[PDB]
Amino acid sequence: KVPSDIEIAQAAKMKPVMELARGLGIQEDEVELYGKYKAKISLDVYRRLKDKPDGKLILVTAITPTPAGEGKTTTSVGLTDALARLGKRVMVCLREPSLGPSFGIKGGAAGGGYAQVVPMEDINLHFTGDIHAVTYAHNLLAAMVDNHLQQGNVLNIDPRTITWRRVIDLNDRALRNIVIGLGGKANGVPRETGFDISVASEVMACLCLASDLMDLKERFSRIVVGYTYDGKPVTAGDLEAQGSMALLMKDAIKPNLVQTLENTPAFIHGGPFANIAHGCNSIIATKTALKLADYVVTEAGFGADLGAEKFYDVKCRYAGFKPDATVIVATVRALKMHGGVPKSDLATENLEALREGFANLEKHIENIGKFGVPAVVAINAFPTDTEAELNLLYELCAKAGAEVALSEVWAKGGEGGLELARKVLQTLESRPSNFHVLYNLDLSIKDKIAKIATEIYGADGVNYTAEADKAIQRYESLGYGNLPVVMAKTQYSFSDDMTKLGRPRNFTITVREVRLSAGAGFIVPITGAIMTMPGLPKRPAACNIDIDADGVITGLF
Amino acid sequence: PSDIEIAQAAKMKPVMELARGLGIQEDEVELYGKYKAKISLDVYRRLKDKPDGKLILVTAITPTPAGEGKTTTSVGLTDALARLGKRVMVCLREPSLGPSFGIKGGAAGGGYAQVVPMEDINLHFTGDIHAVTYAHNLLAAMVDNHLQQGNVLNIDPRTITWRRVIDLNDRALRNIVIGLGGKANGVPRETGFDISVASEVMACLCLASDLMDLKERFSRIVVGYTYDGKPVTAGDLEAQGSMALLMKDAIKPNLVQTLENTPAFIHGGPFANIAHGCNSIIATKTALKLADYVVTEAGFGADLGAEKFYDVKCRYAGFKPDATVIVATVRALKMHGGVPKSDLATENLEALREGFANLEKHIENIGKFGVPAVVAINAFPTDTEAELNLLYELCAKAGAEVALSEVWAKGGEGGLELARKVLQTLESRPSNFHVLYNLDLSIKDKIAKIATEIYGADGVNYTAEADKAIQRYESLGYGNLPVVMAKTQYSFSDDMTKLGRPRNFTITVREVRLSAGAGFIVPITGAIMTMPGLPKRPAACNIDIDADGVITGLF
Amino acid sequence: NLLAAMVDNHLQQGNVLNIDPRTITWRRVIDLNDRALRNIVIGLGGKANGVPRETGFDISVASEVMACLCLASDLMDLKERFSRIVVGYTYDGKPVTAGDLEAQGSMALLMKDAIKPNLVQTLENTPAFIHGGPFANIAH
Ligand SMILES: Nc1nc(=O)c2nc(CNc3ccc(C(=O)N[C@@H](CCC(=O)O)C(=O)O)cc3)cnc2[nH]1
């Protein structure tokens, strides 16, 4: 029945965003249109409503990702729409997609099926320019570092200690490890460096954590690029780059007003990695949205062991938010993959594997309660699921003390989200949250890692390479030790081993390397090897993409 | 009284107003805030047969440290024509972001002849360049990924001519090695970056007729060769769809205005050596339907921008320039007279009278295309009346109308005298446009008719590399293409020391490159800087924006 | 190659002579026809491993050290000459020599037998010296 995803995005009737904005109580002079279906909202809206109370905050998360797929944003949008159908005054805030994937494997809707934010095609490409803003702010600093050396290197940097890489928003592996500054004395200083994908830029994380443009510049001034020969850090502040970087982001700092297929207003703004960063959209968008609405849905990247953790222990920490509930999105099939059933055999009913894989969901639910937040499970309905499966899954959610609702937002838009929405409102009305970050900043890095690892991952303990132990000593010594902690780990297990599905017991995390983001204001311990610059596949989608004389776009979505 | 100041104090009409003022519907306008917008190509298609208005190329005499002010004069001529009740718009190039952080960050034009909002124009504007940058870099990545995947096309990574771009002055990226890290990480090869406005993809945007022609062009782009020597194209990599896609918006020209609310287009902006330094054909050809008068410009002196304006931009689009302006200063002609930069406040009636042979050549050159030339003598406070008056006479004795232009100071009123001379030249002096050469010649005959007629050189020489590159290019059937001379702009010759009108000299062609996508051949005489660098005290260090959005240090 | 390796170690230890590594003219040598060594980049791997710089190899008979042997009067003259070999420049533009790196005694040491000419004969037993052998374009 259901048209494809791009098909649905064409036939959406979209309201002029200017209207949606006056509807929320935003003035015309706080609105910079980008065409008629996108706008950029002033930070002055927040400033004039600073003293208003916040709407309710509803975090959407998910169980441990899998081949089987789970659909988190589809649930978020269609949760938002269901809320709107019940007369509630609500917005959803979401991350902007990286352009790159559009040409490799993806792209796909912001959400899916009948639960989307739109215009789809602008959001997947240049949208309102936020990522080029980031790309050029990042690269200017790189180019300032490099020019610095070229002009006699006054700060007495060691070019081999330089951690500030370049960025480009394409999946281009050949740029991972390069050598720059070749050609002779007139041409730079030979040094080893490389590129990361732009959404993985620390500059992207600063935008997503900054309170305004002046806070964003301040943060920029504390970005560490490298070291001197004596071992002292050198910052962007020291190069006096922050005013220029700030300049390049003067529009980028404004969140982007768009809507859902059903015309529910929505902000898309920022969009960082959720392993080396926190995988949330801008504080700016979410804080603005809490004034305009009585209800705000937002999501975080990867599973609840990562995004949800970092949403609480970093995003709210900084903004001083207090989530009111959190929705855990789950699928009967992924639970079975967690129960040990292979991809191909996931349609076959198997109540045993479902129950045994349910431990993945049970552990997350328990994790959400460790922050003092009531949890509601959404079940992403799928045609193969039997009733005996769906029912077992409710008992189980119930046995574990969580409300649960079957969700059909993909097929039925906001109507499929109403059972769930009623369980949220029902939860909001009678189990107010008691929000608490998992850990205190004045612990030691090793303390804060174990906390996360043992309480959230169910890890026995943590191991550390010499390189790790040394970084930590050095960082703690530079006074960056009372900072929050951002675990970069595989999203496919609670553990650092992507093969360990379900709820692995009797295991241990191993920290190979520790990096720093003094701009964003956090420590990044790394367990696997992180891909901060993925590559295209052998048959990339760029080969099948076209657009004809009437702008008909085949091969993209 | 500074230029940024004057840019703040502009009473800017909403763009939407002008668009419908020009007969554009509400649905052909995609606003970017109230004072910028993009016009749809449907405006051209639906007025396809309505008549072009008049085409007035502005150009200039040979560049100098005196700084002649070519754009300012274009903006101030457009303002003038508007004050005379004439339906007119100007078409100009979008400036690179990068320079704003090195030394530059200037007005589109100057003084009281600007196009606004100045600060968005120098920054992200409407993202035309990021569209270019990503369309270029996608392709690079596609080439590199190809190799990673078994290199089916059997490319020689060392032949690869397709570089990357970024729109910052970053000299550290000029020569790099990529693809390191081992079999998982690409294929080691030497390459580099070039500023984004120097892209072939920028050139293509500025010559493409529509989005599909832009795509077709991309298809023909050459990225390198196979081990056998067979060229390999973006078409072979099936990349043109994806590049066209990333440019669906950038292909539309951007409506903005002047300080006196005269509608303006800013669309495209390429290099004027390895390319042809014009704004997009799209913008000017849309602009021809929306007015009776279109002013536009081309990069560097008339020997380059103007030659390539005529022999490339017009050839492709089938335009017929009705008049041409040649800007000049008294002080610039005095540099061409031998007087150094420090001493040019001093009157010097001989140096102006030996230096005038530069302008006298350009004017003779404009006459070779069958175009009526008119001079503009950009007025300056230190210019004597005897100097100015010697100039008129010399322009007159050369058989060209001339007018004083005080647009930097007097806005559109300063440019009335010129604007009248132009309209007088248009009402009675009809151009008979003719490209300087025919495409059916061999490459070397085209460089020669260029070198001789325009640059006034006695002949042309060729290194072995040049002869072989031509031999091969001609051998691949790219012989029947126009020619885009990559030469220093500071002389008629290939020697930047030779000011004035050098006689009895030669051009030497060291190297020859191709742009099968833009559809021309690029002979190189000097070495061309495709990636400048930041200076010792860059302007990014004092650039700042405060709690109120007030911006210091930029301009 | 010892000198090359002394130049490179110099930079690694804080670069007191304040050389510009991009001005270095002293290349390496190997006595094989190996084109892939013409243009290399050395000193990669990070702070513990040298200073990234562009250099290359020439064939050993084309070494300036070969020419000094072929022009020196004895071993002490050969060392003296070694001390005047120019390797590169400082940032200010002043030349830096092997003498300045105090390499000449070691280079001299490595050549203490090499300085002696080699007695051999012709098929018909006529005595003959073979000794040295430089390029005749960039040398004599
Ligand atoms: N990607 C994707 N995601 C989806 O969620 C999806 N959903 C459908 C349609 N999904 C479904 C899911 C469940 C039932 C179903 O068995 N519903 C039960 C109700 C269960 C209960 O309330 O306990 C029924 O029989 O009514 C039907 C269709 C089709 N394609 C999809 N594709």
# chains A, B, ... in the order shown; residues from 1 in each chain; ligands from 1

call {"tool": "residues_near_ligand", "arguments": {"ligand": "ligand 1", "cutoff": "8 Å", "atoms": "only C-alpha atoms and all ligand atoms", "output": "VMD selection string"}}
result
chain A and resid 2 71 112 to 113 380 to 387 390 to 391 406 to 411

call {"tool": "write_last_selection", "arguments": {"atoms": "N, CA and C atoms", "output": "mmCIF file, in the first residue's frame"}}
result
data_model
loop_
_atom_site.group_PDB
_atom_site.id
_atom_site.type_symbol
_atom_site.label_atom_id
_atom_site.label_comp_id
_atom_site.auth_asym_id
_atom_site.auth_seq_id
_atom_site.Cartn_x
_atom_site.Cartn_y
_atom_site.Cartn_z
ATOM 1 N N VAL A 2 1.713 1.370 1.039
ATOM 2 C CA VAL A 2 2.525 2.573 1.361
ATOM 3 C C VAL A 2 3.442 2.980 0.194
ATOM 4 N N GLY A 71 14.509 2.032 13.455
ATOM 5 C CA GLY A 71 13.770 3.267 13.130
ATOM 6 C C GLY A 71 13.462 4.177 14.318
ATOM 7 N N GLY A 112 10.626 8.500 8.122
ATOM 8 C CA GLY A 112 10.361 7.487 7.104
ATOM 9 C C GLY A 112 8.876 7.296 6.894
ATOM 10 N N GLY A 113 8.524 6.667 5.785
ATOM 11 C CA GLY A 113 7.125 6.510 5.392
ATOM 12 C C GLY A 113 6.296 7.763 5.599
ATOM 13 N N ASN A 380 8.008 -0.627 17.248
ATOM 14 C CA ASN A 380 7.860 -0.522 15.813
ATOM 15 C C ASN A 380 7.287 -1.781 15.142
ATOM 16 N N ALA A 381 5.997 -1.642 14.843
ATOM 17 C CA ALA A 381 5.194 -2.670 14.218
ATOM 18 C C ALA A 381 5.799 -3.022 12.873
ATOM 19 N N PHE A 382 5.835 -4.320 12.577
ATOM 20 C CA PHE A 382 6.337 -4.822 11.294
ATOM 21 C C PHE A 382 5.436 -5.971 10.768
ATOM 22 N N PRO A 383 5.232 -6.041 9.442
ATOM 23 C CA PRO A 383 4.156 -6.969 8.993
ATOM 24 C C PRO A 383 4.388 -8.436 9.363
ATOM 25 N N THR A 384 5.653 -8.856 9.440
ATOM 26 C CA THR A 384 5.961 -10.253 9.779
ATOM 27 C C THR A 384 5.685 -10.617 11.251
ATOM 28 N N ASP A 385 5.612 -9.634 12.131
ATOM 29 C CA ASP A 385 5.492 -9.924 13.538
ATOM 30 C C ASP A 385 4.197 -10.641 13.828
ATOM 31 N N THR A 386 4.237 -11.736 14.564
ATOM 32 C CA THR A 386 3.004 -12.434 14.948
ATOM 33 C C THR A 386 2.454 -11.816 16.202
ATOM 34 N N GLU A 387 1.224 -12.164 16.551
ATOM 35 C CA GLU A 387 0.564 -11.582 17.713
ATOM 36 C C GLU A 387 1.145 -12.190 18.977
ATOM 37 N N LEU A 390 4.248 -10.099 19.532
ATOM 38 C CA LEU A 390 3.855 -8.800 20.062
ATOM 39 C C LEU A 390 3.340 -8.925 21.499
ATOM 40 N N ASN A 391 2.444 -9.861 21.783
ATOM 41 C CA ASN A 391 1.962 -10.025 23.164
ATOM 42 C C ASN A 391 3.034 -10.394 24.177
ATOM 43 N N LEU A 406 2.273 -0.188 20.942
ATOM 44 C CA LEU A 406 2.569 -0.535 19.566
ATOM 45 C C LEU A 406 2.431 0.730 18.753
ATOM 46 N N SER A 407 3.332 0.922 17.792
ATOM 47 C CA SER A 407 3.410 2.160 17.027
ATOM 48 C C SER A 407 3.317 1.851 15.552
ATOM 49 N N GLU A 408 2.422 2.506 14.831
ATOM 50 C CA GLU A 408 2.296 2.257 13.396
ATOM 51 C C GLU A 408 2.455 3.543 12.616
ATOM 52 N N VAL A 409 3.362 4.415 13.066
ATOM 53 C CA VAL A 409 3.497 5.760 12.464
ATOM 54 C C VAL A 409 4.019 5.710 11.040
ATOM 55 N N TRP A 410 4.849 4.718 10.741
ATOM 56 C CA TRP A 410 5.374 4.542 9.391
ATOM 57 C C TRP A 410 4.260 4.420 8.344
ATOM 58 N N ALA A 411 3.235 3.647 8.675
ATOM 59 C CA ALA A 411 2.147 3.365 7.737
ATOM 60 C C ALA A 411 1.006 4.397 7.833
#

call {"tool": "interface_residues", "arguments": {"of": "chain B", "to": "chain C", "cutoff": "12 Å", "atoms": "only C-alpha atoms", "output": "number ranges by chain"}}
result
B: 175-177, 180-181, 190

call {"tool": "closest_residue", "arguments": {"among": "A:457, A:229, A:394, A:522", "to": "chain C", "atoms": "only C-alpha atoms"}}
result
A:229

call {"tool": "atom_distance", "arguments": {"atom1": "CA of residue 306 (chain B)", "atom2": "CA of residue 429 (chain B)"}}
result
19.2 Å

call {"tool": "closest_residue", "arguments": {"among": "B:27, B:413, B:546, B:194", "to": "chain A", "atoms": "only C-alpha atoms"}}
result
B:546

call {"tool": "residues_around", "arguments": {"residues": "residue 53 (chain C)", "least_positions_apart": "4", "cutoff": "7 Å", "atoms": "only C-alpha atoms", "output": "PyMOL selection string"}}
result
(chain A and resi 190) or (chain C and resi 21-22+41-43)

call {"tool": "write_last_selection", "arguments": {"atoms": "N, CA, C and O atoms", "output": "JSON list (two decimals), in the first residue's frame"}}
result
[["chain", "number", "residue", "atom", "x", "y", "z"],
["A", 190, "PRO", "N", 56.19, 20.74, 5.49],
["A", 190, "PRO", "CA", 55.77, 19.39, 5.31],
["A", 190, "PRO", "C", 55.28, 18.79, 6.61],
["A", 190, "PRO", "O", 55.99, 18.81, 7.62],
["C", 21, "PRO", "N", 64.68, 22.85, 6.85],
["C", 21, "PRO", "CA", 64.75, 21.52, 6.23],
["C", 21, "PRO", "C", 64.37, 21.46, 4.76],
["C", 21, "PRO", "O", 64.65, 20.46, 4.10],
["C", 22, "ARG", "N", 63.77, 22.52, 4.24],
["C", 22, "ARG", "CA", 63.27, 22.53, 2.88],
["C", 22, "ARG", "C", 64.32, 23.10, 1.98],
["C", 22, "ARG", "O", 64.15, 23.07, 0.78],
["C", 41, "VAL", "N", 59.84, 11.18, 0.48],
["C", 41, "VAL", "CA", 59.62, 12.02, 1.67],
["C", 41, "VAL", "C", 60.07, 11.26, 2.87],
["C", 41, "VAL", "O", 59.60, 10.15, 3.11],
["C", 42, "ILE", "N", 61.01, 11.83, 3.62],
["C", 42, "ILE", "CA", 61.51, 11.15, 4.81],
["C", 42, "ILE", "C", 60.96, 11.78, 6.10],
["C", 42, "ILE", "O", 60.14, 12.75, 6.05],
["C", 43, "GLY", "N", 61.35, 11.18, 7.22],
["C", 43, "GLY", "CA", 61.03, 11.70, 8.57],
["C", 43, "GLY", "C", 59.57, 11.63, 8.97],
["C", 43, "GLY", "O", 59.10, 12.43, 9.75]]

call {"tool": "closest_residue", "arguments": {"among": "B:538, B:217, B:239, B:92", "to": "residue 541 (chain A)", "atoms": "only C-alpha atoms"}}
result
B:239

call {"tool": "closest_residue", "arguments": {"among": "A:368, A:412, A:122, A:159", "to": "residue 310 (chain A)", "atoms": "only C-alpha atoms"}}
result
A:368

call {"tool": "select_by_dssp", "arguments": {"residues": "region 271-485 of chain B", "states": "strand (DSSP E)", "output": "NGL selection string"}}
result
:B and (293-297 or 323-328 or 373-378 or 401-405 or 459-462)

call {"tool": "interface_residues", "arguments": {"of": "chain A", "to": "chain B", "cutoff": "6 Å", "atoms": "only C-alpha atoms", "output": "VMD selection string"}}
result
chain A and resid 32 to 35 143 151 172 to 175 177 to 182 187 to 188 240 to 241 243 to 244 538 542 to 543 545 to 546 549

call {"tool": "residues_around", "arguments": {"residues": "residue 425 (chain B)", "least_positions_apart": "5", "cutoff": "9 Å", "atoms": "only C-alpha atoms", "output": "VMD selection string"}}
result
chain B and resid 322 to 323 372 to 374 401 420 430

call {"tool": "write_last_selection", "arguments": {"atoms": "C-alpha atoms", "output": "compact mmCIF listing (two decimals), in the first residue's frame"}}
result
# COMPACT_ATOMS: atom_id res chain seq x y z
CA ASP B 322 26.39 46.74 -28.63
CA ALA B 323 29.00 48.93 -26.95
CA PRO B 372 32.01 50.75 -30.39
CA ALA B 373 34.36 51.59 -27.51
CA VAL B 374 33.78 54.37 -24.97
CA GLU B 401 34.11 59.08 -27.17
CA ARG B 420 24.70 59.73 -22.19
CA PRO B 430 25.59 50.11 -34.05

call {"tool": "interface_residues", "arguments": {"of": "chain A", "to": "chain C", "cutoff": "7 Å", "atoms": "only C-alpha atoms", "output": "list in words"}}
result
residues 160, 161, 184, 185, 190 and 191 of chain A

call {"tool": "closest_residue", "arguments": {"among": "A:290, A:247, A:93, A:306", "to": "residue 322 (chain A)", "atoms": "only C-alpha atoms"}}
result
A:290

call {"tool": "residues_around", "arguments": {"residues": "residue 6 (chain C)", "least_positions_apart": "4", "cutoff": "10 Å", "atoms": "only C-alpha atoms", "output": "CSV table (one decimal) with C-alpha atoms, in the first residue's frame"}}
result
chain,number,residue,atom,x,y,z
C,1,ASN,CA,74.9,8.9,4.1
C,2,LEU,CA,76.4,9.5,7.6
C,10,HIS,CA,70.5,17.6,14.0
C,11,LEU,CA,66.9,18.7,13.2
C,12,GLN,CA,65.6,15.9,15.5
C,98,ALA,CA,79.3,19.7,7.3
C,101,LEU,CA,77.9,19.7,12.1
C,102,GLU,CA,81.4,18.5,12.9
C,103,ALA,CA,81.0,15.5,10.5

call {"tool": "residues_around", "arguments": {"residues": "region 65-69 of chain C", "least_positions_apart": "3", "cutoff": "7 Å", "atoms": "only C-alpha atoms", "output": "JSON, numbers by chain"}}
result
{"C": [61, 62, 72, 78, 81, 115, 132, 134, 139]}

call {"tool": "decode", "arguments": {"residues": "region 66-88 of chain C", "atoms": "N, CA and C atoms", "output": "PDB file, in the first residue's frame"}}
result
ATOM      1  N   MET C  66      82.384  11.394  -3.686  1.00  0.00           N
ATOM      2  CA  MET C  66      83.180  10.817  -4.772  1.00  0.00           C
ATOM      3  C   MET C  66      84.095  11.856  -5.471  1.00  0.00           C
ATOM      4  N   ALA C  67      83.588  13.043  -5.760  1.00  0.00           N
ATOM      5  CA  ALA C  67      84.412  14.051  -6.408  1.00  0.00           C
ATOM      6  C   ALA C  67      85.559  14.541  -5.482  1.00  0.00           C
ATOM      7  N   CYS C  68      85.305  14.630  -4.171  1.00  0.00           N
ATOM      8  CA  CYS C  68      86.328  15.080  -3.238  1.00  0.00           C
ATOM      9  C   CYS C  68      87.479  14.078  -3.159  1.00  0.00           C
ATOM     10  N   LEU C  69      87.140  12.805  -3.087  1.00  0.00           N
ATOM     11  CA  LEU C  69      88.142  11.776  -3.147  1.00  0.00           C
ATOM     12  C   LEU C  69      88.966  11.929  -4.420  1.00  0.00           C
ATOM     13  N   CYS C  70      88.318  12.160  -5.555  1.00  0.00           N
ATOM     14  CA  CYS C  70      89.020  12.263  -6.840  1.00  0.00           C
ATOM     15  C   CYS C  70      89.816  13.555  -6.998  1.00  0.00           C
ATOM     16  N   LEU C  71      89.605  14.528  -6.107  1.00  0.00           N
ATOM     17  CA  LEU C  71      90.340  15.795  -6.163  1.00  0.00           C
ATOM     18  C   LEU C  71      91.265  16.032  -4.968  1.00  0.00           C
ATOM     19  N   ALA C  72      91.122  15.259  -3.901  1.00  0.00           N
ATOM     20  CA  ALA C  72      91.911  15.485  -2.683  1.00  0.00           C
ATOM     21  C   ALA C  72      93.371  15.085  -2.863  1.00  0.00           C
ATOM     22  N   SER C  73      94.281  15.720  -2.130  1.00  0.00           N
ATOM     23  CA  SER C  73      95.707  15.395  -2.236  1.00  0.00           C
ATOM     24  C   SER C  73      96.113  14.297  -1.257  1.00  0.00           C
ATOM     25  N   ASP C  74      95.442  14.263  -0.106  1.00  0.00           N
ATOM     26  CA  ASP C  74      95.644  13.191   0.866  1.00  0.00           C
ATOM     27  C   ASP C  74      94.394  13.040   1.710  1.00  0.00           C
ATOM     28  N   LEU C  75      94.463  12.283   2.785  1.00  0.00           N
ATOM     29  CA  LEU C  75      93.343  12.172   3.698  1.00  0.00           C
ATOM     30  C   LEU C  75      93.022  13.508   4.461  1.00  0.00           C
ATOM     31  N   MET C  76      94.038  14.270   4.907  1.00  0.00           N
ATOM     32  CA  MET C  76      93.761  15.540   5.642  1.00  0.00           C
ATOM     33  C   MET C  76      93.140  16.594   4.712  1.00  0.00           C
ATOM     34  N   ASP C  77      93.550  16.587   3.439  1.00  0.00           N
ATOM     35  CA  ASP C  77      92.941  17.484   2.470  1.00  0.00           C
ATOM     36  C   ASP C  77      91.513  17.033   2.231  1.00  0.00           C
ATOM     37  N   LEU C  78      91.275  15.727   2.199  1.00  0.00           N
ATOM     38  CA  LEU C  78      89.932  15.222   1.977  1.00  0.00           C
ATOM     39  C   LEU C  78      88.947  15.581   3.099  1.00  0.00           C
ATOM     40  N   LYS C  79      89.430  15.570   4.349  1.00  0.00           N
ATOM     41  CA  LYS C  79      88.632  16.004   5.507  1.00  0.00           C
ATOM     42  C   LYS C  79      88.315  17.509   5.449  1.00  0.00           C
ATOM     43  N   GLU C  80      89.332  18.296   5.088  1.00  0.00           N
ATOM     44  CA  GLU C  80      89.224  19.759   5.017  1.00  0.00           C
ATOM     45  C   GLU C  80      88.082  20.077   4.080  1.00  0.00           C
ATOM     46  N   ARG C  81      88.199  19.544   2.863  1.00  0.00           N
ATOM     47  CA  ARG C  81      87.154  19.636   1.832  1.00  0.00           C
ATOM     48  C   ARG C  81      85.773  19.240   2.350  1.00  0.00           C
ATOM     49  N   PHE C  82      85.689  18.085   3.036  1.00  0.00           N
ATOM     50  CA  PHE C  82      84.452  17.631   3.697  1.00  0.00           C
ATOM     51  C   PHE C  82      83.862  18.683   4.625  1.00  0.00           C
ATOM     52  N   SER C  83      84.722  19.378   5.361  1.00  0.00           N
ATOM     53  CA  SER C  83      84.260  20.414   6.273  1.00  0.00           C
ATOM     54  C   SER C  83      83.575  21.593   5.529  1.00  0.00           C
ATOM     55  N   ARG C  84      83.908  21.804   4.254  1.00  0.00           N
ATOM     56  CA  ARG C  84      83.304  22.875   3.460  1.00  0.00           C
ATOM     57  C   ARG C  84      82.106  22.439   2.644  1.00  0.00           C
ATOM     58  N   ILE C  85      81.743  21.176   2.699  1.00  0.00           N
ATOM     59  CA  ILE C  85      80.540  20.756   2.024  1.00  0.00           C
ATOM     60  C   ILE C  85      79.349  21.474   2.627  1.00  0.00           C
ATOM     61  N   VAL C  86      78.523  22.063   1.754  1.00  0.00           N
ATOM     62  CA  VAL C  86      77.289  22.756   2.131  1.00  0.00           C
ATOM     63  C   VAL C  86      76.080  21.838   2.028  1.00  0.00           C
ATOM     64  N   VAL C  87      75.325  21.749   3.109  1.00  0.00           N
ATOM     65  CA  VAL C  87      74.211  20.843   3.131  1.00  0.00           C
ATOM     66  C   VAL C  87      72.875  21.539   2.903  1.00  0.00           C
ATOM     67  N   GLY C  88      72.753  22.786   3.345  1.00  0.00           N
ATOM     68  CA  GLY C  88      71.459  23.467   3.365  1.00  0.00           C
ATOM     69  C   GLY C  88      71.622  24.892   3.798  1.00  0.00           C
TER      70      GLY C  88
END
